[PDB]
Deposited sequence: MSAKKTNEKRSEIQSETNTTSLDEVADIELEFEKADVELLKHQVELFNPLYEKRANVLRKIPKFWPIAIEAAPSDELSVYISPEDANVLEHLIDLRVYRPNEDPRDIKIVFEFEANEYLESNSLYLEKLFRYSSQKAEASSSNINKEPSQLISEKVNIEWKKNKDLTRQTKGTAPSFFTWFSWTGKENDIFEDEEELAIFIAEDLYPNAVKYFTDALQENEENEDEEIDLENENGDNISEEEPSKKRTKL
């Protein structure tokens, strides 16, 4: 067992501490977020304003002028880490009634699961996989057919192992947009 072997093993210990730390983060921030979320819902167009105020190259860049008409009715956004593996992120979008989305799809939920295999096998690592989230577009308002922001909901990451815009966006929502929504909104004044 070389020093090179020791280092790789110790790195596995760091991964476990990372998971322990996220567990603690989950306990800490869940009540704060729930409490924040029910105040934010009373602030008209809080989320499209915060998204617009967020760095455009992180999100705004992917949003059509038409995508923006849908997102104008985004009334709620939430991020969860609901699984025993705290690295899985669940992102929720809720829209008020509008001209584009059938009312079944006014609530859209997407789950990104940490993958052992994908993480194990540039090399800026891709770690996340997801299931296609179905959207019922109103006839005939389907922006999924430049590309629409809403195509992000079909991404799976199971086709290759490149770290793509969709996965990076998922992390931005979870680790930046969501914690900082209030700062971004206030920046907008």
Can you give me the gaps, meaning deposited-sequence stretches with no C-alpha coordinates, in sequence order?
1-18, 140-144, 169-173, 218-250
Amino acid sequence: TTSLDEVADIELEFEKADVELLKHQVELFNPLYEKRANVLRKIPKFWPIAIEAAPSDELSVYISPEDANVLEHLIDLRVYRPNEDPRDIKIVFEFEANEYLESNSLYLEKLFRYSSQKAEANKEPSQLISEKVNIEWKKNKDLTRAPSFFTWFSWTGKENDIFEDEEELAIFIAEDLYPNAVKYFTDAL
From here on, numbers count along this sequence of modelled residues.
Looking only at CA atoms, which has the higher mean B factor in the entry: 161-169 or 10-18?
161-169
Give the stretch, out of 147-155 and 28-36, with the larger mean C-alpha temperature factor in the deposited entry.
147-155
Among the modelled residues of its chain, the C-alpha B-factor of residue 99 falls in the third labelled highest
Using only modelled residues of the chain, where does the Cα B factor of residue 51 rank: lowest third, middle third or highest third?
middle
Residue 73: C-alpha B-factor third of its chain, per the entry, is the middle
Relative to the other modelled residues in the chain, which third contains the C-alpha temperature factor of residue 111: lowest, middle or highest?
middle
Quick check on the deposited entry: does the C-alpha B-factor of residue 118 sit in the lowest, middle or highest third of its chain?
highest
